[PDB]
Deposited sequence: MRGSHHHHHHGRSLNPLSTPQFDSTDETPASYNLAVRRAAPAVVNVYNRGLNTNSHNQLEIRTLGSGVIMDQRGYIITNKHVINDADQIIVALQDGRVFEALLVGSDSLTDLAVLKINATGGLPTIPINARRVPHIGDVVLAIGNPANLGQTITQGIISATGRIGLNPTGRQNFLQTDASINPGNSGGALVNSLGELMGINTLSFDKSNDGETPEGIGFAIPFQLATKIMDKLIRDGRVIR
């Protein structure tokens, strides 16, 4: 037993969990969020930031920034936030070439802090992406990733949970960065 290695998805956790953050109002805990790029853009659910006097974001490595709302799309309950990149921001691994398949193992990473991670599969490929991984306020707005750590979706609320396919989330983010809502 000692020589052999336990089955684990910790690899995906190490690669992806650093990029998932807390999101607060100023002090209340709103929900989770995901760092998408070095520029300092962050995706979260619209309902999380719907009534925020001031928005604060907290990484797992201890850093704490203030975020400004870039914009939101009601239809997808998504919202993009912006923060100053110190130089060295942890970003969510993304693979635009990866094709999500039904039955793929997925971890739902959320940060209501500690950090909570649940495991499931893709029930139905994205309409949105379905998974039997628990999706709750604690991980709403966080990332859904495969065993590799590659972003599959953004966890959203409202036995089956829902995430927004990463391809669509990318596109919505871009269009929100350029135009606004």
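Within the chain's deposited sequence, the coordinate-free stretches run 1-23, 50-60, 148-149, 163-172, 205-215, 239-241 in sequence order.
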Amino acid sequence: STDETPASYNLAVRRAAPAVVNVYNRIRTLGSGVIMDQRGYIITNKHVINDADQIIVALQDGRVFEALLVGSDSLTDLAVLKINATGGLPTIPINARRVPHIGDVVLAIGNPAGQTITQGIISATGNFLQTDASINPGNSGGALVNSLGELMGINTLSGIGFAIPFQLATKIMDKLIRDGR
From here on, numbers count along this sequence of modelled residues.
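As the entry records it, the average C-alpha temperature factor is higher for 44-52, out of 44-52 and 116-124.
When the Cα B-factors of 160, 163, 12, 20 are read from the PDB record, 160 comes out highest. When the Cα B-factors of 103, 90, 93, 87 are read from the PDB record, 87 comes out highest.
In the deposited entry, the Cα temperature factor of residue 80 sits in the middle third of values across the chain's modelled residues.
When all modelled residues of the chain are sorted by CA temperature factor, residue 155 is found within the lowest third. Among all modelled residues in its chain, residue 142 ranks in the lowest third by Cα B-factor. Ranked against the other modelled residues of its chain, the C-alpha B-factor of residue 136 as given in the entry falls in the highest third.
When the CA B factors of the chain's modelled residues are split into thirds, the value for residue 32 lands in the lowest one.
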